[PDB]
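Undergrad: Build me a model:
(one chain, ligands or ions: 5)
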Amino acid sequence: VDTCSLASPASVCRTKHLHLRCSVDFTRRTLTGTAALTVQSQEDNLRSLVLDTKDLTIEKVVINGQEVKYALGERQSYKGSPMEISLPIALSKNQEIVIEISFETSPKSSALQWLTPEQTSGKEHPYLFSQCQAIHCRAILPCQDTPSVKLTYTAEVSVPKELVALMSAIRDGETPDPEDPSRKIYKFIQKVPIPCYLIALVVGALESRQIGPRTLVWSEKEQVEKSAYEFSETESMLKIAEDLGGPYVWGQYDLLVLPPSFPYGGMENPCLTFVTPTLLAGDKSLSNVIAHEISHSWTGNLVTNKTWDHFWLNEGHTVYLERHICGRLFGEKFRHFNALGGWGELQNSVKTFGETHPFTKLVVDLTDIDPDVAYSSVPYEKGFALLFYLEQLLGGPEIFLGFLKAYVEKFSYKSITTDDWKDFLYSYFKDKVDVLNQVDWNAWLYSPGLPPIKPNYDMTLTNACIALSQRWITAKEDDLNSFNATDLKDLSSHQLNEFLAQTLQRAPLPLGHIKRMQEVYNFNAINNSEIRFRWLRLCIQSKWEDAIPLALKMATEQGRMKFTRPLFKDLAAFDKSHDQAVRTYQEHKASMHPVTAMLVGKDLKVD
Ligand SMILES: CCCCOc1ccc(CC(=O)NO)cc1
Ligand SMILES: [Yb+3]
Ligand SMILES: [Yb+3]
Ligand SMILES: [Yb+3]
Ligand SMILES: [Zn+2]
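TA: Residues are numbered from 1 along each chain as shown. Ligands and ions are numbered 1, 2, ... in the order given. Have a look at this structure:
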């Protein structure tokens, strides 16, 4: 049972295709159009069905050229409102019909952010983007909003003619709009069956530049050159990923760099990965986010979680593949470094939620829980840890990659649960079942807290980070003079980041240590968003008032939740910055992404 959806389940009927015709209205902040769903009955004598919607205005429902009866049930919070549709003729099993729904979105759609000209780089044109994962596609169009159902789609999108529309699909041409010559119609086709969470749309003043044989980068003009360089390892990562996962089935692999309010690092929208501009460090140092999104082209997008309870399938495998991509490019020692980092991030989350908290389980029960609220590092890092543990248990990365490739082939184009995975794992490694039965499955899959076993990690690149962190934690005032810019000379940006992560785990430090740190290392000057994030948190937690304006500025000039939520939270826990944090949130809230605005609100306990 998909407890996040109110639609008829896949055992009742299945959407096979969506044909979307819509118009982007920036004056009203509405998408208006029709969604034509090809629905296949899985039951005899099917006479009605239910779709998910959220803040949608329904004009009418047409089947076989006539209007039919439908009703909208009462709103169930974050899930939206169920739309029951009365079919004009009962369907037999496997019979397909086309249901055409005339609809309009609310300007408050949780799927969308509408940005004025002034919130953009160019300042002349407005901009729209979507984000459907997990359950926001229902706030764009009526659908069975569950990853247990996969469909193909085609779409025609009318926008002001100076702007460009893109979607999670192959571009299928453009023409002037016949009903309105100030407008253009862009067309799209996604021939590979996808869950509806992977439907994506951006409209804006976009330009493109080619950076590989199957990759354009898109952004506003101001960010094009920088983006093309930042993501130039993209084709080499695709070739590695194809080696590990099998053929890339999606045609194009394009990247879109969003405005700073994009709430996540990246979103694996098929044919068109969306990424945060906070990746634009200038040195390709945050490209592991690209490797991750690329990896979703197999784990997630081809093999998909049947419900959001099994989100770890999607993320943990993706992190496992990601780290392999980075290990092939940068060395196995770097894969171990990144893995060990991930463990530290898992320790942080577990500490934050509490070691008995239900959201620290690998398989989570989402009944009555908003997926946005449960969202954390856990499914990424506990999932990765489980798979790295298995790798070590079963004979090494070469053997485990053979399983992962067979897993992808096996479950391509399907949606699966943790039991499906587990049973395939047992089938594939049947000569090592004895080893597998040593695994504490109940603990790994269903218990809260840190996993019962920690894998083994190479320490080569981590040692320097720990040693410097330890020098600073154990320093007294009379040791502060011995620190110097030369301490950093052999450290990469990744190692600088891990030094701060290590230090931050023991925060607060004395204020005079943090001041010395700025004096000798000049972390204030670093623009790498990961480093800057962790440094500013370290400042605020150690009660440095000078860091307040810097933290507020970072929290609000970009909107990547990973950064914005802990920055606001730290600012709200510091008594000197508390009132300003809340004031700043209230002032920015209307111009924030709707999900981000919601979550920052809960974190700060303000309404
Ligand atoms: C329950 C899930 C809700 C949040 O959705 C999302 C969570 C994370 C991402 C980034 C990435 O590629 N890994 O996920 C994108 C959407
Ligand atoms: Yb075509
Ligand atoms: Yb039209
Ligand atoms: Yb302000
Ligand atoms: Zn992911």
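
Undergrad: My read is that residue 515 contacts residue 544, right?
TA: Yes - contact criterion C-beta atoms under 8 Å: residue 515 and residue 544 qualify, at 7.1 Å. No exception for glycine: its C-beta is placed from N, CA and C like everyone else's.

Undergrad: Flag every buried residue along the helix or strand where residue 400 lies.
TA: For residue 400, the host element (DSSP states H and E) is helix 397-411. For helix 397-411, burial by neighbour count (16 or more other C-beta atoms under 10 Å) applies to 397, 400, 401, 403, 404, 407, 408, 410, 411.

Undergrad: Chain neighbours aside, what residue packs nearest to the second one?
TA: The spatial neighbour of residue 400 that comes closest, neighbours along the chain excluded (C-beta to C-beta, 6 or more residues apart in numbering), is residue 391 at 4.0 Å.

Undergrad: hmm, back to that, following the helix holding residue 400, which helix or strand comes up?
TA: Reading on from helix 397-411 to the C-terminus, the next helix or strand found by DSSP H and E is strand 414-416.

Undergrad: list the buried ones in that next one?
TA: Across strand 414-416, burial judged by 16+ other C-beta under 10 Å covers 415, 416.

Undergrad: Contacts for it, please.
TA: Residues from elsewhere that reach strand 414-416 (C-beta atoms under 8 Å, 6 or more residues apart in numbering): 147, 148, 149, 150, 195, 303, 304, 305, 306, 310, 313.

Undergrad: Near ligand 1, list only the ones from the residues you listed.
TA: Near ligand 1, judged by C-beta under 6 Å from any ligand atom, there are no entries from those.

Undergrad: give me every residue that touches the residue lying closest to residue 99 once chain neighbours are set aside.
TA: Leaving aside its sequence neighbours, residue 99 sits nearest to residue 37 (C-beta to C-beta, 6+ apart; 4.9 Å). Contacts here follow C-beta under 8 Å, 6+ apart; on that basis residue 37 touches 15, 17, 18, 51, 98, 99, 100, 101, 142, 143.

Undergrad: now residue 37, which residues is it bridged with?
TA: residue 18, residue 99 (DSSP bridges).

Undergrad: Would you map the strands across the stretch 201-350 of the chain?
TA: 201-204, 207-212, 215-219, 254-257, 266-267, 272-275, 303-305 (DSSP state E, counting those that start in this stretch).

Undergrad: Please convert the ones you listed to CSV, extending it with mean neighbour count and distance to residue 239.
TA: Converted to CSV, the strands of the stretch 201-350 of the chain look like this (neighbours: other C-beta atoms under 10 Å; distance: least, C-beta to C-beta, whole Å):
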stretch, mean neighbour count, distance to residue 239
strand 201-204, 25, 27
strand 207-212, 16, 10
strand 215-219, 23, 12
strand 254-257, 25, 16
strand 266-267, 23, 19
strand 272-275, 26, 16
strand 303-305, 25, 20
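
Undergrad: ok, the closest residue to residue 361 other than its chain neighbours - contacts?
TA: Ranked by C-beta to C-beta, 6+ apart and with sequence neighbours excluded, the top spatial neighbour of residue 361 is residue 448, at 5.3 Å. Neighbouring residues of residue 448 by C-beta under 8 Å, 6+ apart: 355, 356, 357, 358, 360, 361.

Undergrad: if I look at residue 448, how far off is residue 602?
TA: 21 Å (C-beta to C-beta, to the nearest Å).

Undergrad: which bits of the protein sit near ligand 1?
TA: 133-134, 264-268, 292-293, 308, 311, 315, 371-372, 375.

Undergrad: Residue 306 contacts residue 149, doesn't it?
TA: No - assessed by C-beta under 8 Å, residue 306 is found out of contact with residue 149, at 9.7 Å.

Undergrad: who has more neighbours, these two?
TA: Between residue 306 and residue 149, counted using other C-beta atoms under 10 Å, residue 149 has the larger neighbour count: 26 against 21.

Undergrad: sec struct for that one, please.
TA: coil (DSSP: H, G, I helix; E, B strand; the rest coil).

Undergrad: Number the chain from 897, please
TA: Sure, I'll start numbering at 897, so the last one becomes residue 1045.

Undergrad: Can you classify the most far-flung residue of the chain relative to its centre by secondary structure?
TA: When each C-alpha in the chain is compared with the mean C-alpha position (C-alpha atoms, centre = their mean), residue 1374 comes out farthest, at 45.7 Å. Look at residue 1374: counting by three-state DSSP, its state is helix.

Undergrad: Show me what the residue most central in space within the chain bridges to in the sheet.
TA: With distances taken as C-alpha atoms, centre = their mean, residue 1163 lies nearest the centre of the chain, 4.5 Å away. Judged by DSSP bridges, the bridge partners of residue 1163 are residue 1170.

Undergrad: Was I right to think it contacts residue 1027?
TA: Yes - using C-beta under 8 Å, residue 1163 is in contact with residue 1027, at 6.3 Å.

Undergrad: quick one: common contacting residues for those two?
TA: 1096, 1170.

Undergrad: Based on its surroundings, how many neighbours for the residue of the stretch 1247-1396 of the chain found nearest ligand 1?
TA: Relative to ligand 1, the nearest point of the stretch 1247-1396 of the chain is residue 1267 (3.7 Å; C-beta to the nearest ligand atom). A total of 17 residues lie near residue 1267 under the criterion other C-beta under 10 Å.

Undergrad: and what of residue 1008?
TA: If we define neighbours as other C-beta under 10 Å, then residue 1008 has 24 of them.

Undergrad: how near is it to residue 1280?
TA: 31 Å.

Undergrad: Residue 1076 now?
TA: 49 Å.

Undergrad: higher neighbour count, these two?
TA: Neighbour count, other C-beta under 10 Å: between residue 1076 and residue 1280, residue 1280 has more, with 28 against 13.

Undergrad: Is the more buried one within a helix or a strand, and which one?
TA: helix 1274-1290.

Undergrad: Identify each buried residue in that helix, please.
TA: 1274-1287, 1289-1290.

Undergrad: other SSEs contacting that helix?
TA: Helices and strands touching helix 1274-1290, as assessed by 3 or more C-beta pairs under 8 Å, 6 or more residues apart in numbering; DSSP states H and E, comprise helix 1207-1226, helix 1228-1249, helix 1293-1307, helix 1329-1332.

Undergrad: Put together TSV for these, with distance to residue 982 on each row.
TA: Below are the helices and strands packed on helix 1274-1290 laid out as TSV (distance: least, C-beta to C-beta, whole Å):
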stretch	distance to residue 982
helix 1207-1226	34
helix 1228-1249	44
helix 1293-1307	36
helix 1329-1332	50
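
Undergrad: Just say which of those helices is most tucked in.
TA: The highest average neighbour count among these, using mean count of other C-beta atoms under 10 Å, belongs to helix 1207-1226 at a mean of 24.

Undergrad: That one packs against which elements?
TA: Using 3+ C-beta pairs under 8 Å, 6+ apart, helix 1207-1226 sits against helix 1130-1141, helix 1184-1191, strand 1199-1201, helix 1228-1249, helix 1274-1290, helix 1293-1307, helix 1314-1324.

Undergrad: Run a quick check on residue 1071 versus residue 1077, I expect a contact.
TA: No - contact criterion C-beta under 8 Å: residue 1071 and residue 1077 do not qualify, at 10.8 Å.
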